[PDB]
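What follows is input.cif (mmCIF, C-alpha atoms).
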data_run
#
loop_
_atom_site.group_PDB
_atom_site.id
_atom_site.type_symbol
_atom_site.label_atom_id
_atom_site.label_comp_id
_atom_site.auth_asym_id
_atom_site.auth_seq_id
_atom_site.Cartn_x
_atom_site.Cartn_y
_atom_site.Cartn_z
ATOM 1 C CA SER A 1 -20.607 -6.723 -8.722
ATOM 2 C CA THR A 2 -18.897 -4.528 -6.169
ATOM 3 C CA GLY A 3 -17.100 -4.872 -2.866
ATOM 4 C CA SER A 4 -16.478 -2.521 0.047
ATOM 5 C CA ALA A 5 -14.217 -3.172 3.038
ATOM 6 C CA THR A 6 -12.980 -1.068 5.914
ATOM 7 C CA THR A 7 -9.211 -0.716 6.309
ATOM 8 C CA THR A 8 -7.761 0.014 9.745
ATOM 9 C CA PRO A 9 -4.339 1.348 10.831
ATOM 10 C CA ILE A 10 -2.274 -1.294 12.621
ATOM 11 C CA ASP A 11 -0.885 1.161 15.182
ATOM 12 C CA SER A 12 -0.984 4.773 16.342
ATOM 13 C CA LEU A 13 1.441 5.904 13.598
ATOM 14 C CA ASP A 14 -0.482 4.487 10.599
ATOM 15 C CA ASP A 15 2.547 2.307 9.829
ATOM 16 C CA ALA A 16 0.275 0.126 7.675
ATOM 17 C CA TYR A 17 -3.397 -0.733 7.222
ATOM 18 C CA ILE A 18 -5.184 -4.085 7.517
ATOM 19 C CA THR A 19 -8.378 -5.141 5.743
ATOM 20 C CA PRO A 20 -10.318 -8.324 6.605
ATOM 21 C CA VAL A 21 -10.410 -10.940 3.819
ATOM 22 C CA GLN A 22 -12.420 -14.176 3.759
ATOM 23 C CA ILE A 23 -10.521 -17.204 2.409
ATOM 24 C CA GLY A 24 -11.899 -20.690 1.913
ATOM 25 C CA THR A 25 -15.063 -22.617 2.780
ATOM 26 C CA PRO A 26 -16.102 -22.175 5.516
ATOM 27 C CA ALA A 27 -14.578 -18.722 5.559
ATOM 28 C CA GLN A 28 -11.280 -18.136 7.329
ATOM 29 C CA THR A 29 -10.930 -14.395 7.942
ATOM 30 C CA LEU A 30 -7.381 -12.999 7.810
ATOM 31 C CA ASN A 31 -6.338 -9.360 8.111
ATOM 32 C CA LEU A 32 -4.240 -8.536 5.045
ATOM 33 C CA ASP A 33 -2.121 -5.553 4.026
ATOM 34 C CA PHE A 34 -3.505 -4.373 0.672
ATOM 35 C CA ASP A 35 -0.409 -3.409 -1.321
ATOM 36 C CA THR A 36 -0.664 -1.511 -4.625
ATOM 37 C CA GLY A 37 3.141 -1.951 -4.927
ATOM 38 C CA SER A 38 3.179 -5.756 -5.250
ATOM 39 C CA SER A 39 1.171 -8.476 -6.940
ATOM 40 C CA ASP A 40 1.118 -11.542 -4.652
ATOM 41 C CA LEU A 41 -1.681 -12.549 -2.285
ATOM 42 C CA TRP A 42 0.205 -14.481 0.391
ATOM 43 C CA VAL A 43 -0.770 -15.529 3.897
ATOM 44 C CA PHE A 44 0.583 -16.977 7.087
ATOM 45 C CA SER A 45 -0.604 -20.561 7.090
ATOM 46 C CA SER A 46 -0.528 -23.987 8.712
ATOM 47 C CA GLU A 47 2.595 -24.540 6.569
ATOM 48 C CA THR A 48 4.544 -21.570 7.989
ATOM 49 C CA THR A 49 7.622 -22.558 10.012
ATOM 50 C CA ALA A 50 6.257 -22.585 13.550
ATOM 51 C CA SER A 51 9.056 -20.459 15.042
ATOM 52 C CA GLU A 52 8.194 -17.740 12.494
ATOM 53 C CA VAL A 53 4.552 -17.368 13.602
ATOM 54 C CA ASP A 54 3.985 -15.062 16.594
ATOM 55 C CA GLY A 55 0.324 -14.146 16.993
ATOM 56 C CA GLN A 56 -0.834 -14.030 13.368
ATOM 57 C CA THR A 57 -4.026 -15.729 12.250
ATOM 58 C CA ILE A 58 -3.193 -18.550 9.830
ATOM 59 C CA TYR A 59 -4.896 -20.010 6.778
ATOM 60 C CA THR A 60 -5.287 -23.794 7.012
ATOM 61 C CA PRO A 61 -6.058 -25.122 3.497
ATOM 62 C CA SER A 62 -6.894 -28.592 4.803
ATOM 63 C CA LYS A 63 -9.929 -27.114 6.596
ATOM 64 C CA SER A 64 -11.263 -25.497 3.398
ATOM 65 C CA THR A 65 -13.457 -27.655 1.178
ATOM 66 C CA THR A 66 -12.698 -25.395 -1.806
ATOM 67 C CA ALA A 67 -8.890 -25.336 -1.445
ATOM 68 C CA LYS A 68 -6.851 -27.115 -4.124
ATOM 69 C CA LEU A 69 -3.079 -27.385 -4.279
ATOM 70 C CA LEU A 70 -1.721 -25.662 -7.386
ATOM 71 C CA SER A 71 0.618 -28.500 -8.190
ATOM 72 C CA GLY A 72 4.250 -27.571 -8.663
ATOM 73 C CA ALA A 73 3.788 -23.852 -8.056
ATOM 74 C CA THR A 74 6.104 -21.962 -5.739
ATOM 75 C CA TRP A 75 6.589 -18.304 -4.924
ATOM 76 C CA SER A 76 9.294 -16.126 -3.413
ATOM 77 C CA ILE A 77 9.234 -12.370 -2.922
ATOM 78 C CA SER A 78 11.485 -9.645 -1.532
ATOM 79 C CA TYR A 79 10.194 -6.187 -0.708
ATOM 80 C CA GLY A 80 11.832 -2.773 -0.848
ATOM 81 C CA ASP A 81 12.342 -2.777 2.932
ATOM 82 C CA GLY A 82 14.422 -5.970 2.813
ATOM 83 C CA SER A 83 11.663 -8.290 4.059
ATOM 84 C CA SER A 84 10.768 -11.497 2.233
ATOM 85 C CA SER A 85 8.568 -14.588 2.226
ATOM 86 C CA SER A 86 8.143 -17.755 0.180
ATOM 87 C CA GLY A 87 6.116 -20.934 -0.062
ATOM 88 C CA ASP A 88 3.668 -22.947 -2.181
ATOM 89 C CA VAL A 89 0.270 -22.154 -3.709
ATOM 90 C CA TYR A 90 -3.380 -23.142 -3.347
ATOM 91 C CA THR A 91 -6.366 -21.921 -5.278
ATOM 92 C CA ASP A 92 -9.409 -21.074 -3.166
ATOM 93 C CA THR A 93 -12.396 -18.765 -2.891
ATOM 94 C CA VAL A 94 -11.489 -15.265 -1.679
ATOM 95 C CA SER A 95 -13.964 -12.512 -0.762
ATOM 96 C CA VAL A 96 -13.293 -8.850 0.053
ATOM 97 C CA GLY A 97 -16.150 -6.739 1.381
ATOM 98 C CA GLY A 98 -18.799 -8.901 -0.300
ATOM 99 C CA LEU A 99 -16.946 -9.365 -3.613
ATOM 100 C CA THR A 100 -16.043 -13.004 -4.315
ATOM 101 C CA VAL A 101 -13.378 -14.476 -6.614
ATOM 102 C CA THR A 102 -13.262 -18.219 -7.147
ATOM 103 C CA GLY A 103 -10.007 -19.874 -8.105
ATOM 104 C CA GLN A 104 -7.815 -17.152 -6.604
ATOM 105 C CA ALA A 105 -4.163 -18.061 -6.105
ATOM 106 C CA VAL A 106 -3.561 -17.981 -2.347
ATOM 107 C CA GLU A 107 0.178 -18.169 -1.726
ATOM 108 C CA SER A 108 0.862 -20.096 1.458
ATOM 109 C CA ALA A 109 3.993 -19.036 3.310
ATOM 110 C CA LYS A 110 6.476 -21.681 4.348
ATOM 111 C CA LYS A 111 9.002 -19.029 5.400
ATOM 112 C CA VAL A 112 8.718 -15.365 6.363
ATOM 113 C CA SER A 113 11.424 -12.905 7.369
ATOM 114 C CA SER A 114 11.726 -11.455 10.861
ATOM 115 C CA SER A 115 9.803 -8.235 10.179
ATOM 116 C CA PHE A 116 6.708 -10.252 9.276
ATOM 117 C CA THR A 117 6.997 -12.493 12.343
ATOM 118 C CA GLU A 118 7.427 -9.459 14.586
ATOM 119 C CA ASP A 119 4.223 -7.807 13.333
ATOM 120 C CA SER A 120 1.386 -9.833 14.852
ATOM 121 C CA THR A 121 -1.289 -7.611 13.271
ATOM 122 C CA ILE A 122 -0.584 -8.498 9.616
ATOM 123 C CA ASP A 123 -1.659 -11.970 8.500
ATOM 124 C CA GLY A 124 -0.395 -11.516 4.934
ATOM 125 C CA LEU A 125 -0.449 -9.275 1.879
ATOM 126 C CA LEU A 126 -2.972 -8.766 -0.923
ATOM 127 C CA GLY A 127 -1.153 -7.349 -3.933
ATOM 128 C CA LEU A 128 -2.882 -4.824 -6.192
ATOM 129 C CA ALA A 129 -0.119 -3.884 -8.639
ATOM 130 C CA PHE A 130 -0.117 -5.412 -12.116
ATOM 131 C CA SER A 131 -0.076 -9.179 -12.465
ATOM 132 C CA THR A 132 3.161 -9.058 -14.456
ATOM 133 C CA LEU A 133 4.930 -8.670 -11.062
ATOM 134 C CA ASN A 134 3.427 -11.821 -9.553
ATOM 135 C CA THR A 135 6.193 -14.192 -8.400
ATOM 136 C CA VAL A 136 4.472 -17.570 -8.814
ATOM 137 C CA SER A 137 6.564 -20.003 -10.860
ATOM 138 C CA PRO A 138 6.342 -21.697 -13.290
ATOM 139 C CA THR A 139 2.867 -20.287 -14.064
ATOM 140 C CA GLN A 140 2.422 -16.648 -13.071
ATOM 141 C CA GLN A 141 -0.857 -15.930 -11.286
ATOM 142 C CA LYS A 142 -3.324 -13.029 -11.404
ATOM 143 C CA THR A 143 -4.107 -10.584 -8.632
ATOM 144 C CA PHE A 144 -7.473 -10.508 -6.870
ATOM 145 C CA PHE A 145 -8.349 -7.328 -8.807
ATOM 146 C CA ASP A 146 -7.358 -8.825 -12.171
ATOM 147 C CA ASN A 147 -9.514 -11.901 -11.467
ATOM 148 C CA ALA A 148 -12.492 -9.796 -10.299
ATOM 149 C CA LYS A 149 -12.242 -7.131 -13.016
ATOM 150 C CA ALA A 150 -14.616 -8.592 -15.587
ATOM 151 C CA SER A 151 -17.371 -9.084 -12.988
ATOM 152 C CA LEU A 152 -17.097 -5.568 -11.539
ATOM 153 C CA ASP A 153 -19.599 -2.863 -12.409
ATOM 154 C CA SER A 154 -16.604 -0.690 -13.400
ATOM 155 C CA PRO A 155 -12.975 -1.945 -13.696
ATOM 156 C CA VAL A 156 -11.685 0.141 -10.786
ATOM 157 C CA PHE A 157 -10.784 0.039 -7.135
ATOM 158 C CA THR A 158 -10.371 2.991 -4.784
ATOM 159 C CA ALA A 159 -8.177 3.596 -1.739
ATOM 160 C CA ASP A 160 -9.469 5.965 0.939
ATOM 161 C CA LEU A 161 -6.937 5.687 3.786
ATOM 162 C CA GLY A 162 -7.576 7.452 7.078
ATOM 163 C CA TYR A 163 -5.252 9.605 9.160
ATOM 164 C CA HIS A 164 -5.209 7.909 12.549
ATOM 165 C CA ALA A 165 -8.613 6.500 11.622
ATOM 166 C CA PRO A 166 -10.231 3.715 9.567
ATOM 167 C CA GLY A 167 -10.779 4.100 5.851
ATOM 168 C CA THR A 168 -12.173 2.116 2.932
ATOM 169 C CA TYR A 169 -11.169 0.052 -0.087
ATOM 170 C CA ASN A 170 -13.950 -0.147 -2.687
ATOM 171 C CA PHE A 171 -13.996 -2.424 -5.757
ATOM 172 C CA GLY A 172 -16.113 -1.792 -8.827
ATOM 173 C CA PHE A 173 -17.511 1.670 -8.058
ATOM 174 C CA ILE A 174 -16.527 5.219 -7.159
ATOM 175 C CA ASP A 175 -18.266 6.525 -4.003
ATOM 176 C CA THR A 176 -19.050 10.118 -4.981
ATOM 177 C CA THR A 177 -19.786 10.958 -1.316
ATOM 178 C CA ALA A 178 -16.213 10.104 -0.239
ATOM 179 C CA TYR A 179 -14.387 13.091 -1.751
ATOM 180 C CA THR A 180 -14.764 16.834 -2.293
ATOM 181 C CA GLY A 181 -14.447 18.639 -5.595
ATOM 182 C CA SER A 182 -13.588 16.622 -8.698
ATOM 183 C CA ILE A 183 -11.255 13.706 -9.410
ATOM 184 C CA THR A 184 -8.220 14.570 -11.546
ATOM 185 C CA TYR A 185 -6.983 11.648 -13.614
ATOM 186 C CA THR A 186 -3.400 11.200 -14.744
ATOM 187 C CA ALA A 187 -1.604 8.774 -17.057
ATOM 188 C CA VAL A 188 -0.065 5.526 -15.813
ATOM 189 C CA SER A 189 2.876 3.542 -17.149
ATOM 190 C CA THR A 190 2.670 -0.190 -16.496
ATOM 191 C CA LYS A 191 6.174 -0.815 -17.888
ATOM 192 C CA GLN A 192 7.586 -1.616 -14.423
ATOM 193 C CA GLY A 193 4.402 -3.364 -13.234
ATOM 194 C CA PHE A 194 3.473 -0.495 -10.869
ATOM 195 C CA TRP A 195 0.835 2.220 -10.751
ATOM 196 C CA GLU A 196 3.519 4.619 -12.018
ATOM 197 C CA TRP A 197 2.599 8.232 -12.781
ATOM 198 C CA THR A 198 4.198 11.704 -13.003
ATOM 199 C CA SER A 199 3.418 14.390 -10.463
ATOM 200 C CA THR A 200 3.530 17.940 -11.816
ATOM 201 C CA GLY A 201 5.377 19.489 -8.872
ATOM 202 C CA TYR A 202 5.308 20.430 -5.217
ATOM 203 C CA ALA A 203 5.095 23.171 -2.630
ATOM 204 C CA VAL A 204 6.355 23.363 0.953
ATOM 205 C CA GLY A 205 3.947 24.960 3.408
ATOM 206 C CA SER A 206 2.584 28.255 2.108
ATOM 207 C CA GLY A 207 5.454 28.515 -0.374
ATOM 208 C CA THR A 208 5.143 28.894 -4.104
ATOM 209 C CA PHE A 209 4.480 25.832 -6.218
ATOM 210 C CA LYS A 210 7.472 24.451 -8.133
ATOM 211 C CA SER A 211 6.507 22.971 -11.508
ATOM 212 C CA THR A 212 8.669 19.906 -12.050
ATOM 213 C CA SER A 213 7.920 16.366 -13.194
ATOM 214 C CA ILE A 214 8.313 13.690 -10.501
ATOM 215 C CA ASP A 215 7.866 10.104 -11.700
ATOM 216 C CA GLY A 216 6.786 7.765 -8.923
ATOM 217 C CA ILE A 217 4.467 4.946 -7.861
ATOM 218 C CA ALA A 218 1.228 4.962 -5.887
ATOM 219 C CA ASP A 219 2.051 2.371 -3.216
ATOM 220 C CA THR A 220 -0.371 1.665 -0.386
ATOM 221 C CA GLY A 221 2.138 -0.859 0.990
ATOM 222 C CA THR A 222 4.800 1.764 1.739
ATOM 223 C CA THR A 223 4.355 3.892 4.859
ATOM 224 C CA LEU A 224 6.211 7.074 3.907
ATOM 225 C CA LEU A 225 6.642 9.503 1.004
ATOM 226 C CA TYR A 226 9.963 9.003 -0.809
ATOM 227 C CA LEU A 227 10.969 11.826 -3.171
ATOM 228 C CA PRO A 228 14.135 13.165 -4.841
ATOM 229 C CA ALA A 229 16.783 14.498 -2.473
ATOM 230 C CA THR A 230 16.381 18.068 -3.806
ATOM 231 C CA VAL A 231 12.676 18.104 -2.916
ATOM 232 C CA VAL A 232 13.180 16.484 0.478
ATOM 233 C CA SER A 233 15.990 18.929 1.360
ATOM 234 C CA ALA A 234 13.711 21.843 0.448
ATOM 235 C CA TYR A 235 10.990 20.499 2.753
ATOM 236 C CA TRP A 236 13.157 19.858 5.816
ATOM 237 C CA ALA A 237 14.996 23.181 5.460
ATOM 238 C CA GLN A 238 11.727 24.759 6.629
ATOM 239 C CA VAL A 239 11.843 22.884 9.989
ATOM 240 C CA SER A 240 14.217 24.321 12.593
ATOM 241 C CA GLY A 241 16.629 21.674 13.797
ATOM 242 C CA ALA A 242 15.781 19.061 11.154
ATOM 243 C CA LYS A 243 18.698 17.057 9.778
ATOM 244 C CA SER A 244 19.443 13.874 7.884
ATOM 245 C CA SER A 245 20.911 11.311 10.293
ATOM 246 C CA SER A 246 22.844 8.412 8.789
ATOM 247 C CA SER A 247 22.712 6.632 12.161
ATOM 248 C CA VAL A 248 18.911 6.766 12.296
ATOM 249 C CA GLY A 249 18.447 6.259 8.559
ATOM 250 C CA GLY A 250 16.793 9.450 7.365
ATOM 251 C CA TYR A 251 15.562 12.898 8.253
ATOM 252 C CA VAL A 252 14.726 13.550 11.913
ATOM 253 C CA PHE A 253 13.365 16.697 13.518
ATOM 254 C CA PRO A 254 12.718 18.027 17.019
ATOM 255 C CA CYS A 255 9.541 16.544 18.407
ATOM 256 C CA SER A 256 8.660 20.050 19.621
ATOM 257 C CA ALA A 257 8.386 21.295 16.004
ATOM 258 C CA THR A 258 5.209 22.181 14.134
ATOM 259 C CA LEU A 259 5.611 20.744 10.640
ATOM 260 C CA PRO A 260 4.614 22.541 7.435
ATOM 261 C CA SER A 261 2.270 20.973 4.955
ATOM 262 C CA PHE A 262 3.483 19.465 1.694
ATOM 263 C CA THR A 263 1.577 19.849 -1.581
ATOM 264 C CA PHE A 264 1.994 17.629 -4.647
ATOM 265 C CA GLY A 265 0.621 18.223 -8.129
ATOM 266 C CA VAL A 266 -1.743 15.968 -10.068
ATOM 267 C CA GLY A 267 -2.048 17.653 -13.431
ATOM 268 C CA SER A 268 -3.363 21.122 -12.676
ATOM 269 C CA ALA A 269 -4.800 19.975 -9.334
ATOM 270 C CA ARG A 270 -3.109 19.977 -5.926
ATOM 271 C CA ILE A 271 -3.205 17.536 -3.018
ATOM 272 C CA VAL A 272 -2.202 18.980 0.371
ATOM 273 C CA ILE A 273 -0.605 16.713 2.990
ATOM 274 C CA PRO A 274 -1.101 18.409 6.395
ATOM 275 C CA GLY A 275 2.039 18.775 8.472
ATOM 276 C CA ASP A 276 0.785 16.427 11.174
ATOM 277 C CA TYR A 277 0.680 13.567 8.634
ATOM 278 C CA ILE A 278 4.487 13.902 8.274
ATOM 279 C CA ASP A 279 5.188 13.281 12.005
ATOM 280 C CA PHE A 280 6.153 9.652 12.691
ATOM 281 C CA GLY A 281 6.998 10.227 16.320
ATOM 282 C CA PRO A 282 10.015 9.525 18.487
ATOM 283 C CA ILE A 283 12.819 7.539 16.873
ATOM 284 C CA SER A 284 12.922 5.413 20.034
ATOM 285 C CA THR A 285 10.615 5.378 23.003
ATOM 286 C CA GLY A 286 10.912 8.596 24.988
ATOM 287 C CA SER A 287 13.258 10.369 22.558
ATOM 288 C CA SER A 288 12.784 14.016 21.669
ATOM 289 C CA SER A 289 14.018 13.320 18.126
ATOM 290 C CA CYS A 290 11.142 12.481 15.800
ATOM 291 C CA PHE A 291 11.209 10.629 12.492
ATOM 292 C CA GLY A 292 10.085 12.434 9.345
ATOM 293 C CA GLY A 293 7.419 11.114 6.986
ATOM 294 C CA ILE A 294 9.061 12.566 3.883
ATOM 295 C CA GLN A 295 12.362 10.877 3.024
ATOM 296 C CA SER A 296 14.821 10.758 0.149
ATOM 297 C CA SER A 297 14.342 8.150 -2.579
ATOM 298 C CA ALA A 298 17.981 8.489 -3.639
ATOM 299 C CA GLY A 299 18.814 4.988 -2.365
ATOM 300 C CA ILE A 300 15.729 3.267 -3.841
ATOM 301 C CA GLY A 301 15.785 3.893 -7.572
ATOM 302 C CA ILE A 302 12.168 5.086 -7.663
ATOM 303 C CA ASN A 303 10.011 7.717 -5.989
ATOM 304 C CA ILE A 304 7.204 6.299 -3.856
ATOM 305 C CA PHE A 305 3.891 7.992 -3.083
ATOM 306 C CA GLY A 306 3.232 5.879 -0.002
ATOM 307 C CA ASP A 307 0.575 6.140 2.666
ATOM 308 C CA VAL A 308 1.683 9.614 3.874
ATOM 309 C CA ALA A 309 0.698 10.996 0.469
ATOM 310 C CA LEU A 310 -2.169 8.668 -0.429
ATOM 311 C CA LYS A 311 -4.103 9.133 2.829
ATOM 312 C CA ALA A 312 -4.435 12.852 2.018
ATOM 313 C CA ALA A 313 -6.513 11.911 -1.047
ATOM 314 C CA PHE A 314 -9.282 9.745 -2.399
ATOM 315 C CA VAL A 315 -7.411 7.636 -4.957
ATOM 316 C CA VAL A 316 -8.868 5.819 -7.976
ATOM 317 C CA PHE A 317 -6.931 2.899 -9.442
ATOM 318 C CA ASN A 318 -8.542 2.678 -12.893
ATOM 319 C CA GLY A 319 -7.864 -0.737 -14.437
ATOM 320 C CA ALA A 320 -9.487 -0.017 -17.802
ATOM 321 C CA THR A 321 -7.710 -1.162 -20.956
ATOM 322 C CA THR A 322 -5.521 1.938 -20.642
ATOM 323 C CA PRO A 323 -5.041 2.275 -16.865
ATOM 324 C CA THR A 324 -5.046 5.673 -15.190
ATOM 325 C CA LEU A 325 -4.879 7.062 -11.648
ATOM 326 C CA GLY A 326 -7.301 9.592 -10.188
ATOM 327 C CA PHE A 327 -6.809 11.841 -7.164
ATOM 328 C CA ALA A 328 -9.386 13.920 -5.305
ATOM 329 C CA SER A 329 -9.214 15.921 -2.106
ATOM 330 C CA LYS A 330 -11.433 14.770 0.755
#
What would the structure in this file look like if it were written as structure tokens?
Amino acid sequence: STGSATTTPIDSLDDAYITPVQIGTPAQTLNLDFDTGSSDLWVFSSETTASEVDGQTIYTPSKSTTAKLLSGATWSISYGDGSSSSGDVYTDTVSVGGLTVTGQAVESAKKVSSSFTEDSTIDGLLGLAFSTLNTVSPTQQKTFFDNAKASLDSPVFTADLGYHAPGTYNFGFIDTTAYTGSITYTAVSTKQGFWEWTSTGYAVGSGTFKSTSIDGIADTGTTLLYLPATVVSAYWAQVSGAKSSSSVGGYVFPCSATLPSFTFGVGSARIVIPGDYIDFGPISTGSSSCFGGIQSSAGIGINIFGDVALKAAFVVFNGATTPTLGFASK
């Protein structure tokens, strides 16, 4: 089997991407944030504290003839941005782009933090990291990809995120019309439960490429590119007037600037992030200070190849017995 679904930016900055997902019988369609940095499929629901729902579409398990309470199971998750959610668990039928999993754990939120409430466009998350990170207790549950894997034509999914435009998540096949050149594959460590790999270096604009190993994660659920402070300083030094602002929380630059590109290495290959992809617009409405899309990871504990980096490539998440990542230009 295979599946193919369009993913759409939630706003004009590509802050995140939503993909429609069918849950239950008859189908309830919710728009979920596919997150290769976490491993829980959770949704706003009829159980979510009413004051914490503000425009999201909810899953109502009592209206699904295939929903079953997973007795005793609870979940609770906190994300790198400080947001969180928790609740109980149902199993139900879940389909993405024509690909159906029966018995998928659907984690029903009883509570969500303010950032989730305030974003009416995201009805939940669909985690695509490794199932060892799933938070269901006392019986850990599998991701949608892990459950679908055996049925897929090939044990892979691909992320093809658009710049200010829709893109595609495919499951079970590699669309050879979606990229240019060849795909370069690179080793993955699953020791932390992430799609963790080592970039071979970087360049700023037309500058020379610096060969240096940068360990980080491919994370579709993170907006920006978080890299070591040395690398980030080298990038922003090429932008007149750019500075790190503790009050704003990162590097800012004059909105009048033209940003240089940023290149990262995948083995001997190179992925080029155009400068425009690094512009996240005014820090507040009407400001002439703009927020940068490349930021320091020094406060995180890990480097994160988020959407800014991933949307410059066609990305293969290879879930074979020895997982690997593949990157192609497009």
Residue neighbourhood residue 323 of chain A, 8 Å, all atoms listed in the file, exclusion window fewer than 5 positions, as a PDB file with C-alpha atoms, keeping the file's coordinate frame:
ATOM      1  CA  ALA A 187      -1.604   8.774 -17.057  1.00  0.00           C
ATOM      2  CA  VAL A 188      -0.065   5.526 -15.813  1.00  0.00           C
ATOM      3  CA  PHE A 317      -6.931   2.899  -9.442  1.00  0.00           C
ATOM      4  CA  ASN A 318      -8.542   2.678 -12.893  1.00  0.00           C
TER       5      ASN A 318
END
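The shortest atom-to-atom distance to residue 236 of chain A, with all atoms listed in the file taken into account, belongs to A:257 out of A:178, A:128, A:257, A:183.
Counting all atoms listed in the file, segment 260-266 of chain A has the following residues at most 9 Å away, ignoring those fewer than 6 positions along the same chain: residues 184, 185, 186, 198, 199, 200, 201, 202, 203, 204, 205, 206, 209, 211, 235, 238, 239, 272, 273, 274, 275, 276, 277, 278, 309, 326 and 327 of chain A.
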Padded axis-aligned box of segment 253-268 of chain A (6 Å per side), centre and edge lengths, Å, one decimal, as AutoDock Vina command-line options:
--center_x 5.0 --center_y 19.3 --center_z 3.1 --size_x 28.7 --size_y 18.6 --size_z 45.1
Per-residue nearest contacts of segment 157-253 of chain A to segment 85-105 of chain A (12 Å; all atoms listed in the file) as a tab-separated table:
residue	atom	partner	partner_atom	distance
A:157	CA	A:96	CA	11.7
A:168	CA	A:97	CA	9.8
A:169	CA	A:97	CA	8.5
A:170	CA	A:97	CA	8.1
A:171	CA	A:99	CA	7.8
A:172	CA	A:99	CA	9.2
A:173	CA	A:99	CA	11.9
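Going from atom CA of residue 308 of chain A to atom CA of residue 225 of chain A covers 5.7 Å.
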Using all atoms listed in the file, the shortest atom-to-atom distance to residue 112 of chain A among A:53, A:152, A:69, A:126 belongs to A:53
